[PDB]
């Protein structure tokens, strides 16, 4: 992960952390440890003694709600008791003796051993002994690198057990458990929803040992979640600055709730945002949209939003507000330039004055890395950009609208303040459906509340723009879509129901359901905006002590009372795991026993597997609209 070598003739060196040469407080009741960091002799791995060792201060800060902030500015930036003790950490009193009968191998170098007990009952400690013989280290608890005198690539590592499982890190399109994945925490255009290119990175993971870690960074980063070492969660930042928040909890919702405490809570999206969104890449004419609008109503298709994409300008994908020749209704922007921000806020201001109520803040995963911005260096602004980017259009939108709403595709830590964020460009296939769902689940487990996805998948295969969607996929995504925070029909080709007969009747009945459930969605979200919960919730948020659930990415909770296990098949059959509970089918009130498997269940095309708890009480609008 520390990398390094090409072909191993670069001015670069690694500086390992050692036993603290002093520990003290504070003076803010924040203990500060000064560990020596000595260079190693250029891989791998012996100590280089021609060069002295460099001390830096590890200041540790405890917080009112079971959070422990590890910090180490290096240069550059800026037993343990809780006045109640309640211990919170233990730096190691060494003397690791011993016995001795050789010989072949020398004593290992000294390492920085610390354990952390945020809630006084956790047990997350630094990977201070992840090595073989002294020449072979597959993990470093703390360490950094120099590149031609320039300091960089600081690394923090924790220990993990064999059976530990992880989640979060943003909208990661992989399975429930990420326990061999080394992640490039670096936002990218995914160009699909089934690979490692990731639209929304977040320096945050959850653990089955029931803690979280927020890495307060916005530099390009690596996060091996037991990927390289089978014993280590390893973080890497290019920045040479460690600021790690360690969040304990007794429920997963506690941990997420504290994450929000640190980085902001989501606002409540407006009521109109919860109705269905029709869209396409792209409409052009006004009469084009008018005909569609007028007919959904005529046909009684309960729809709330029409979106206008890459084609309401003079020329399609050529943005410039302006707004085409339909009459009535290159360079990156420097959001570190508190002026250009008012200018971009200026552009949105015209559009908002007209009647538009939301803005699609597409892109922002990449920036012109070969430019000079009026603030941070490109290598730092890039990931933070989705925050600044979406903050501006959110802020301005609220100033005019009175509503904080943004439709955003990129994200970083802090972007959960500004609802909402959609699943990207998924493939209209069962792989995009399942891949997309993975995304929303890790996204809900990364401090967000409101997540969406293009229905039914963004693009068809093969032939991005000209293939057929397949009613099969359509209907089963529409279902999945209804039971998600936001529902939006969008993509490369016609999305309107009347283009998919024989399903179009049902699609209409399934839009009528969406409106019959708006109240329930609102009440759950009104609770979400105030807590660590998401609308789309992995089963571990309710069942963290059930091992199966840490491996289910095909089922989920919608709100607090709804279990969703979607059919992502053409064969129209699937298996469903009911977790602990007395369960009731939402469409066929069938009392389902317990915490067991429903095997080879046939689901008709008209129906999705949906369950409520025996009892429960779920709002609904009993009248069409």
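Positions refer to the first chain, counted from 1.
- Coordinates are absent for 10 or more residues of the deposited sequence placed between residue 329 and residue 330.
- The gap between residue 78 and residue 79 holds 10 or more unmodelled residues of the deposited sequence.
- Set 446-454 against 515-523 and average the Cα temperature factors; 515-523 ends up higher.
- Taking only CA atoms, the mean B-factor in the PDB entry is higher for 136-144 than for the other of 136-144 and 477-485.
- Comparing C-alpha B-factors across 501, 404, 212, 73 in the deposited entry, the largest value falls on 501.
- If you compare the C-alpha temperature factors of 186, 374, 490, 409 in the entry, 374 comes out highest.
- Per the PDB record, residue ranking by Cα B-factor puts residue 570 in the lowest third of the chain.
- Ranked by Cα temperature factor within the chain, residue 378 sits in the highest third according to the deposited record.
- Annotation for residue 197: CA B-factor lies in the lowest third of the chain's modelled residues.
- Split the chain's modelled residues into thirds by C-alpha temperature factor. Residue 107 is in the highest one.
- Annotation for residue 415: C-alpha temperature factor in the lowest third relative to the rest of the modelled chain, per the entry.
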